[PDB]
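One structure is given below, encoded as structure tokens.
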Amino acid sequence: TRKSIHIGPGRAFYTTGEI
């Protein structure tokens with residue numbers, strides 16, 4: 001259950017990982 005969630009500014013959403 002690996003996932004990369006990085007929230008920087010107030011308009012960014014990066015969700016890329018395993019499942």
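Please note that chains go A, B, ... in the order of the structure tokens, that every chain numbers its residues from 1, and that ligands are numbered from 1 in the order shown.
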Problem - Residue neighbourhood residue 19 in chain A, 12 Å, only C-alpha atoms, exclusion window fewer than 4 positions, as a list in words - result: residues 1, 2, 3, 4 and 15 of chain A
